[PDB]
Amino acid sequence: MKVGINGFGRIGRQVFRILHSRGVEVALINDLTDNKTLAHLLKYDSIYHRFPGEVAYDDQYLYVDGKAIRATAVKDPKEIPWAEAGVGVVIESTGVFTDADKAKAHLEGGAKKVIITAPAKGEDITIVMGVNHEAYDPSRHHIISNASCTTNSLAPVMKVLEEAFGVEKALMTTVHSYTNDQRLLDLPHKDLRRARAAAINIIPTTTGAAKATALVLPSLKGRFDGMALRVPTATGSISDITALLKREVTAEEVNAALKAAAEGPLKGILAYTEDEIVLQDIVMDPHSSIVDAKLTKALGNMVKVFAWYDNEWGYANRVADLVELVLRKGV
């Protein structure tokens, strides 16, 4: 069937640009704004710049290189014209329908599969491409979570570590660009930390990306946890894992294990580099995790690995990848 998107925001537009170049068909887009705003933001992105194609619109459609996309503005999933558009797969990027109770609503909209682009509650399955994607059974799995941007950077690295060396416990910190859940200047928020001026602060905040890695790598259940620090950058992040392994290693063995995963089984998902790169060098990179080899440290069995990831673009490519998988499998 066709793909439909609810929530045309940061992940939403990026997934669109990507699905668009791969030649996947997006038939309807629903946000809470007029088509004129939907088309301006798609044409101009502050981070990824000019859209490479022609964008136009009318009161009911988005026109991209001549193809037409229904763009609506229904604040409720139930009433979104899924079936009538030919949409079997609904990417759900609003950020407000992560309880699978609420995401279920696209189904009686006529949608066949919902893919929550964030961690879900009561979903059918959480998938992280590269790690447990073979776990997908189209007979029983309909409401799928693709996990968070962070859990997708942790999982591929943790998997290599657990298989080559065995992991006993682990803690991690992600130093992350700010996102739209934060304030620009001091302002009321559910979290007294995120309530602060995102661009002139380092903001410690909680995360469950670590705990959630246990969903795709059960062996870590109860042995992985972490924290997050938000910093004044717009997109782009880095995961700082500190693992306690089951044997003694040297940086070279750890790096060598990561590099081989990156050129074999985890190809396209996990990457590995030896250059002296900074944040800007990984922006718009499509990998879920980019191992910066020169930073690895090992104190015997307490090792420390670092993986960069573009929380927008990389995630976005993962959503795209999943959608193609839900599709090739009969959806």
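In this text, residue numbers run from 1 along the sequence as written.
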| query | Which wins on mean Cα temperature factor, 280-288 or 56-64? | reply | 56-64
| Out of 174-182 and 160-168, which one has CA B-factors that are higher on average in the deposited record? | 160-168
| message | According to the Cα B-factor stored in this entry, which of the following is highest: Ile127, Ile80, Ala214, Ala199? | response | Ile80
| Out of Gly208, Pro204, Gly236, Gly122, which residue has the highest Cα temperature factor in the PDB record? | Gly122
| query | Should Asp310 be placed in the lowest, middle or highest third of its chain by the C-alpha B factor in the entry? | reply | lowest
| query | Taking the C-alpha B-factors as the PDB entry records them, is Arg70 in the lowest, middle or highest third of its chain? | reply | highest
| query | Is the Cα B-factor recorded for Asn132 in the lowest, middle or highest third of its chain? | reply | highest
| said: Sorting by Cα B-factor within the chain, modelled residues only, which third would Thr117 end up in: lowest, middle or highest? | reply: middle
| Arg22, C-alpha B-factor rank within chain (lowest, middle or highest third) | highest
